[PDB]
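*Asks:* My questions all concern the structure below.
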Amino acid sequence: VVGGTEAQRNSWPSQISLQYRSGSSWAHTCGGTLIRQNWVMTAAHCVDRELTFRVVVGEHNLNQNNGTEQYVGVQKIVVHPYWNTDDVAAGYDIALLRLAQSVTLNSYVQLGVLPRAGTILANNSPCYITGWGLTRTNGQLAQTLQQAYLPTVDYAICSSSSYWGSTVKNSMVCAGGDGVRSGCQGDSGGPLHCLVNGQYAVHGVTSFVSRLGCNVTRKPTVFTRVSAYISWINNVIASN
Ligand SMILES: *[C@](=O)([C]([N]C(=O)[C]1[C][C][C]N1C(=O)[C]([N]C(=O)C1=[C][C]=C(C(=O)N2[C][C]O[C][C]2)[C]=[C]1)[C]([C])[C])[C]([C])[C])C(F)(F)C(F)(F)F
Ligand SMILES: [Ca+2]
């Protein structure tokens with residue numbers, strides 16, 4: 001997250017850290033959202049290669065014991081059928097991970113609330129992106145969870161030529177693009193929390209940024225629109 005600030009410990013209890021076995025240790029590779037005691041929602045591009053993964057809930061500082069963490073292995077990975085590894089702009093960047101065990105919900109570990117199917121946010125809606133990604137374009141990962149206010153840019157504006165053009169589909173959500181705040185490498189798969197009628201709901205799964213850099217004017221961070229995949233999510237969970 002570029003242009004943000006450290007979040008209050010455990011203030012985004014649905015945020016998870018997706019890590020892979022790097023021989024001797026574990027390395028953070030993507031964010032994610034806990035949606036069931038044993039299911040995590042993330043980006044397909046985070047898990048479309050054969051690696052050994054684990055999920056950390058109740059996390060804040062990646063390098064120190066905070067005393068609120070729970071570590072659990074990933075048992076099954078379900079990538080969206082239409083996803084193509086080499087074509088992020090086509091969309092369908094979403095995947096569900098079935099955990100080896102159910103985590104214990106408490107003050108530090110909670111389920112993210114999903115929007116009703118088909119829900120579309122008004123332009124400039126108040127949202128926040130959270131993650132341990134780079135804090136600067138070509139910078140380094142954040143040790144502690146960061147957050148940044150990232151208001152939505154509606155589809156009509158986002159798909160305009162001065163913005164993303166045809167690269168963005170209606171199955172995506174754009175947010176930010178002021179050249180100051182944005183998602184960045186390592187934030188992928190994480191949540192875009194939007195405040196709707198007093199409650200925060202996870203409207204997006206962090207997907208991609210421009211080749212020009214993370215924080216670029218008129219190049220908002222692009223998210224998979226969660227409300228476009230509600231039926232799929234429900235079907236996968238029920239069949240597995
Ligand atoms: C993660 O945290 C990050 N996500 C990414 O890095 C995503 C996944 C694959 C590539 N990507 C990008 O953001 C990159 N964007 C592109 O590759 C890209 C190329 C071209 C176009 C475009 O304008 N098009 C026009 C017509 O032809 C092609 C499409 C759009 C996008 C970017 C880095 C250059 C963060 C969310 C940034 C991660 F991927 F998991 C990571 F941790 F590995 F980084
Ligand atoms: Ca920790």
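FYI, nothing fancy with the structure tokens labels: chains A, B, ... in order, residues from 1 per chain, ligands from 1 as they appear.
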Could I get the residue neighbourhood of ligand 2 at 12 Å, counting only C-alpha atoms and all ligand atoms, as number ranges by chain?
*Replies:* A: 9-10, 16-17, 28, 56-71, 132, 143-145
*Asks:* Could you give me, as an mmCIF file with C-alpha atoms, in the first residue's frame, the residues within 12 Å of residue 231 (chain A), counting only C-alpha atoms and dropping anything in the same chain fewer than 6 positions from it?
*Replies:*
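Listing of part02.cif after writing:
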data_model
loop_
_atom_site.group_PDB
_atom_site.id
_atom_site.type_symbol
_atom_site.label_atom_id
_atom_site.label_comp_id
_atom_site.auth_asym_id
_atom_site.auth_seq_id
_atom_site.Cartn_x
_atom_site.Cartn_y
_atom_site.Cartn_z
ATOM 1 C CA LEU A 114 -19.704 -9.984 1.298
ATOM 2 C CA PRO A 115 -21.989 -7.671 -0.693
ATOM 3 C CA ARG A 116 -25.288 -8.785 -2.196
ATOM 4 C CA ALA A 117 -24.963 -10.094 -5.773
ATOM 5 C CA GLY A 118 -25.015 -7.383 -8.440
ATOM 6 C CA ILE A 237 -18.208 -23.684 -0.670
ATOM 7 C CA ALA A 238 -21.309 -25.902 -0.758
#
*Asks:* Name all residues at most 7 Å from region 148-151 of chain A (count only C-alpha atoms; drop same-chain ones fewer than 3 positions away) and give them as a PyMOL selection string.
*Replies:* chain A and resi 1+3-5+124-130+175-176+181
*Asks:* Let me have all residues with an atom within 6 Å of ligand 1, counting only C-alpha atoms and all ligand atoms, laid out as a PyMOL selection string.
*Replies:* chain A and resi 29-30+46+88-89+167+183-188+206-211
*Asks:* Take the residues from that selection and put them in a file with N, CA, C and O atoms, as an mmCIF file, in the first residue's frame.
*Replies:*
data_model
loop_
_atom_site.group_PDB
_atom_site.id
_atom_site.type_symbol
_atom_site.label_atom_id
_atom_site.label_comp_id
_atom_site.auth_asym_id
_atom_site.auth_seq_id
_atom_site.Cartn_x
_atom_site.Cartn_y
_atom_site.Cartn_z
ATOM 1 N N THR A 29 3.198 -13.649 0.343
ATOM 2 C CA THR A 29 3.135 -13.488 -1.098
ATOM 3 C C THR A 29 1.877 -12.722 -1.540
ATOM 4 O O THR A 29 1.908 -11.983 -2.522
ATOM 5 N N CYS A 30 0.816 -12.802 -0.744
ATOM 6 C CA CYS A 30 -0.438 -12.138 -1.082
ATOM 7 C C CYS A 30 -1.317 -11.950 0.140
ATOM 8 O O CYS A 30 -1.031 -12.487 1.212
ATOM 9 N N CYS A 46 -2.491 -15.395 -7.395
ATOM 10 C CA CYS A 46 -1.682 -15.641 -6.209
ATOM 11 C C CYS A 46 -1.423 -17.120 -5.996
ATOM 12 O O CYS A 46 -0.420 -17.504 -5.396
ATOM 13 N N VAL A 88 -4.309 -11.178 -17.032
ATOM 14 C CA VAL A 88 -4.965 -10.568 -15.876
ATOM 15 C C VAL A 88 -6.112 -9.603 -16.241
ATOM 16 O O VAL A 88 -7.150 -9.592 -15.571
ATOM 17 N N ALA A 89 -5.967 -8.873 -17.352
ATOM 18 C CA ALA A 89 -6.982 -7.895 -17.778
ATOM 19 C C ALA A 89 -8.296 -8.497 -18.285
ATOM 20 O O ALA A 89 -9.295 -7.783 -18.437
ATOM 21 N N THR A 167 -9.414 -1.881 -21.009
ATOM 22 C CA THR A 167 -8.700 -2.804 -20.136
ATOM 23 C C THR A 167 -9.582 -3.195 -18.947
ATOM 24 O O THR A 167 -9.546 -4.339 -18.505
ATOM 25 N N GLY A 183 -2.622 0.318 -4.334
ATOM 26 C CA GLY A 183 -2.191 -1.002 -3.915
ATOM 27 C C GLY A 183 -0.852 -1.146 -4.633
ATOM 28 O O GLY A 183 -0.535 -0.334 -5.508
ATOM 29 N N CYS A 184 -0.060 -2.150 -4.278
ATOM 30 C CA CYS A 184 1.241 -2.353 -4.903
ATOM 31 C C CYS A 184 1.618 -3.825 -4.675
ATOM 32 O O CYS A 184 0.877 -4.547 -3.997
ATOM 33 N N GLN A 185 2.716 -4.295 -5.263
ATOM 34 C CA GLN A 185 3.110 -5.706 -5.134
ATOM 35 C C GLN A 185 3.098 -6.245 -3.703
ATOM 36 O O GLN A 185 3.748 -5.694 -2.814
ATOM 37 N N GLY A 186 2.362 -7.333 -3.502
ATOM 38 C CA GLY A 186 2.236 -7.933 -2.184
ATOM 39 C C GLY A 186 0.841 -7.701 -1.614
ATOM 40 O O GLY A 186 0.435 -8.374 -0.658
ATOM 41 N N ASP A 187 0.120 -6.727 -2.172
ATOM 42 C CA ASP A 187 -1.247 -6.417 -1.742
ATOM 43 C C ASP A 187 -2.268 -7.300 -2.453
ATOM 44 O O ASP A 187 -3.412 -7.416 -1.997
ATOM 45 N N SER A 188 -1.856 -7.875 -3.589
ATOM 46 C CA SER A 188 -2.696 -8.751 -4.415
ATOM 47 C C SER A 188 -3.504 -9.755 -3.601
ATOM 48 O O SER A 188 -2.997 -10.328 -2.627
ATOM 49 N N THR A 206 -7.983 -7.289 -4.582
ATOM 50 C CA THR A 206 -6.900 -6.583 -5.263
ATOM 51 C C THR A 206 -6.308 -7.404 -6.417
ATOM 52 O O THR A 206 -5.804 -8.512 -6.209
ATOM 53 N N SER A 207 -6.377 -6.855 -7.629
ATOM 54 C CA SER A 207 -5.901 -7.562 -8.806
ATOM 55 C C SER A 207 -4.654 -7.012 -9.506
ATOM 56 O O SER A 207 -3.614 -7.681 -9.511
ATOM 57 N N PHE A 208 -4.730 -5.809 -10.077
ATOM 58 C CA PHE A 208 -3.577 -5.259 -10.785
ATOM 59 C C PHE A 208 -3.447 -3.736 -10.812
ATOM 60 O O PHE A 208 -4.368 -3.008 -10.425
ATOM 61 N N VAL A 209 -2.262 -3.281 -11.216
ATOM 62 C CA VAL A 209 -1.941 -1.863 -11.363
ATOM 63 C C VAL A 209 -1.326 -1.690 -12.758
ATOM 64 O O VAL A 209 -1.181 -2.667 -13.513
ATOM 65 N N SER A 210 -0.992 -0.458 -13.120
ATOM 66 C CA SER A 210 -0.426 -0.207 -14.439
ATOM 67 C C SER A 210 1.060 -0.515 -14.554
ATOM 68 O O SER A 210 1.781 -0.633 -13.557
ATOM 69 N N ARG A 211 1.522 -0.609 -15.794
ATOM 70 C CA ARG A 211 2.926 -0.848 -16.068
ATOM 71 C C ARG A 211 3.722 0.419 -15.741
ATOM 72 O O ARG A 211 4.939 0.370 -15.589
#
*Asks:* Quick one: everything within 8 Å of residue 40 (chain A), counting only C-alpha atoms, minus sequence neighbours fewer than 5 positions away in the same chain. Send it as a list in words.
*Replies:*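 Counting only C-alpha atoms, the residues come to residues 32, 33, 34, 35, 96, 97, 98 and 99 of chain A.
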*Asks:* Could the residues in this selection be saved with N, CA, C and O atoms as a compact mmCIF listing (two decimals), in the first residue's frame?
*Replies:*
# COMPACT_ATOMS: atom_id res chain seq x y z
N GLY A 32 -5.57 -11.69 1.52
CA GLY A 32 -6.76 -12.47 1.31
C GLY A 32 -7.80 -12.07 2.33
O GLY A 32 -7.50 -11.27 3.23
N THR A 33 -9.00 -12.62 2.21
CA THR A 33 -10.10 -12.32 3.12
C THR A 33 -10.70 -13.62 3.65
O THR A 33 -11.01 -14.52 2.87
N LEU A 34 -10.83 -13.72 4.97
CA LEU A 34 -11.43 -14.90 5.59
C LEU A 34 -12.95 -14.78 5.40
O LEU A 34 -13.54 -13.79 5.83
N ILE A 35 -13.56 -15.72 4.70
CA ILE A 35 -15.00 -15.65 4.47
C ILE A 35 -15.83 -16.72 5.20
O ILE A 35 -17.05 -16.59 5.31
N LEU A 96 -10.65 -19.49 -4.29
CA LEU A 96 -11.05 -19.82 -2.93
C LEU A 96 -10.13 -20.92 -2.41
O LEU A 96 -9.79 -21.86 -3.14
N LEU A 97 -9.71 -20.77 -1.16
CA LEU A 97 -8.80 -21.72 -0.53
C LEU A 97 -9.47 -22.41 0.64
O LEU A 97 -9.97 -21.74 1.56
N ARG A 98 -9.55 -23.74 0.61
CA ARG A 98 -10.13 -24.44 1.75
C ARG A 98 -8.99 -24.73 2.71
O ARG A 98 -7.96 -25.30 2.32
N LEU A 99 -9.15 -24.29 3.95
CA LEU A 99 -8.12 -24.46 4.98
C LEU A 99 -8.12 -25.88 5.55
O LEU A 99 -9.15 -26.56 5.55
*Asks:* Could you give me, as a PyMOL selection string, each residue of region 86-124 of chain A that DSSP assigns to strand (DSSP E) when run on this structure's backbone?
*Replies:* chain A and resi 95-99
*Asks:* Could you turn the residues from that selection into a file that holds N, CA and C atoms, as a PDB file, in the first residue's frame?
*Replies:*
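File part08.pdb, as written:
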ATOM      1  N   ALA A  95     -10.059 -16.726  -6.490  1.00  0.00           N
ATOM      2  CA  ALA A  95      -9.850 -18.111  -6.095  1.00  0.00           C
ATOM      3  C   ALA A  95     -10.258 -18.274  -4.638  1.00  0.00           C
ATOM      4  N   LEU A  96     -10.646 -19.494  -4.288  1.00  0.00           N
ATOM      5  CA  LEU A  96     -11.053 -19.821  -2.935  1.00  0.00           C
ATOM      6  C   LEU A  96     -10.130 -20.919  -2.412  1.00  0.00           C
ATOM      7  N   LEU A  97      -9.708 -20.773  -1.160  1.00  0.00           N
ATOM      8  CA  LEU A  97      -8.800 -21.722  -0.530  1.00  0.00           C
ATOM      9  C   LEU A  97      -9.472 -22.413   0.645  1.00  0.00           C
ATOM     10  N   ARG A  98      -9.550 -23.742   0.614  1.00  0.00           N
ATOM     11  CA  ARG A  98     -10.133 -24.445   1.748  1.00  0.00           C
ATOM     12  C   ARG A  98      -8.987 -24.730   2.710  1.00  0.00           C
ATOM     13  N   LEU A  99      -9.147 -24.287   3.952  1.00  0.00           N
ATOM     14  CA  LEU A  99      -8.125 -24.460   4.978  1.00  0.00           C
ATOM     15  C   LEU A  99      -8.118 -25.877   5.552  1.00  0.00           C
TER      16      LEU A  99
END
*Asks:* One decimal, in Å: what's the spacing between CA of residue 74 (chain A) and CA of residue 42 (chain A)?
*Replies:* 12.3 Å
*Asks:* Need the shell around residue 82 (chain A): protein/DNA/RNA residues with any atom at most 9 Å away, counting only C-alpha atoms. Skip same-chain ones fewer than 2 positions apart. Format as a CSV table (one decimal) with N, CA, C and O atoms, in the first residue's frame?
*Replies:*
chain,number,residue,atom,x,y,z
A,79,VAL,N,-9.5,-22.3,-8.2
A,79,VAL,CA,-9.3,-21.1,-9.1
A,79,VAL,C,-10.5,-21.0,-10.0
A,79,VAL,O,-11.1,-22.1,-10.4
A,80,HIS,N,-10.9,-19.8,-10.3
A,80,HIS,CA,-12.1,-19.6,-11.2
A,80,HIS,C,-11.8,-20.3,-12.6
A,80,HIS,O,-10.8,-20.1,-13.2
A,84,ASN,N,-7.1,-17.1,-16.7
A,84,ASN,CA,-6.0,-17.5,-17.6
A,84,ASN,C,-4.8,-16.8,-17.0
A,84,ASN,O,-4.8,-15.6,-16.8
A,91,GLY,N,-9.9,-10.6,-16.6
A,91,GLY,CA,-10.8,-10.7,-15.4
A,91,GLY,C,-10.8,-12.1,-14.8
A,91,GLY,O,-9.9,-12.8,-15.2
A,92,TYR,N,-11.8,-12.4,-14.0
A,92,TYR,CA,-11.9,-13.7,-13.4
A,92,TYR,C,-10.8,-14.0,-12.4
A,92,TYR,O,-10.4,-15.2,-12.2
A,93,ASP,N,-10.2,-12.9,-11.9
A,93,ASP,CA,-9.0,-13.1,-11.0
A,93,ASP,C,-9.6,-13.3,-9.6
A,93,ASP,O,-9.5,-12.4,-8.7
*Asks:* One number please: CA of residue 113 (chain A) to CA of residue 179 (chain A), in Å, one decimal.
*Replies:*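 If I compute the distance from CA of residue 113 (chain A) to CA of residue 179 (chain A), I get 28.9 Å.
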*Asks:* Do you know which residues are at most 7 Å from residue 225 (chain A) counting only C-alpha atoms, after dropping those on the same chain fewer than 2 positions away, and could you put them as a PyMOL selection string?
*Replies:* chain A and resi 171-173+203-204+223+227-228
*Asks:* Can you work out which one of A:233, A:147, A:201, A:161 has the shortest atom-to-atom distance to residue 8 (chain A), counting only C-alpha atoms?
*Replies:*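 Among A:233, A:147, A:201, A:161, it is A:147 that comes nearest to residue 8 (chain A).
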*Asks:* Would you please give, as a ChimeraX atom specification, all residues of region 42-219 of chain A that DSSP assigns to alpha helix (DSSP H) based on the backbone?
*Replies:* /A:155-158
*Asks:* Please report the interatomic distance between CA of residue 154 (chain A) and CA of residue 121 (chain A) in Å with one decimal.
*Replies:* 7.5 Å
*Asks:* Write out as a tab-separated table (two decimals) with C-alpha atoms, in the first residue's frame each polymer residue whose atoms come within 9 Å of residue 155 (chain A), counting only C-alpha atoms; drop sequence neighbours fewer than 6 positions from it.
*Replies:*
chain	number	residue	atom	x	y	z
A	123	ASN	CA	-18.70	6.98	-7.73
A	168	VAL	CA	-11.25	-2.59	-17.31
A	169	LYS	CA	-14.38	-4.75	-17.52
A	170	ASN	CA	-17.66	-4.28	-15.65
A	172	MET	CA	-14.02	-5.10	-11.90
A	173	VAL	CA	-13.94	-2.21	-9.45
A	174	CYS	CA	-11.52	0.73	-9.71
*Asks:* I need the residue nearest residue 26 (chain A) from this list: A:47, A:38, A:53, A:6. Use only C-alpha atoms for the distance.
*Replies:* A:53
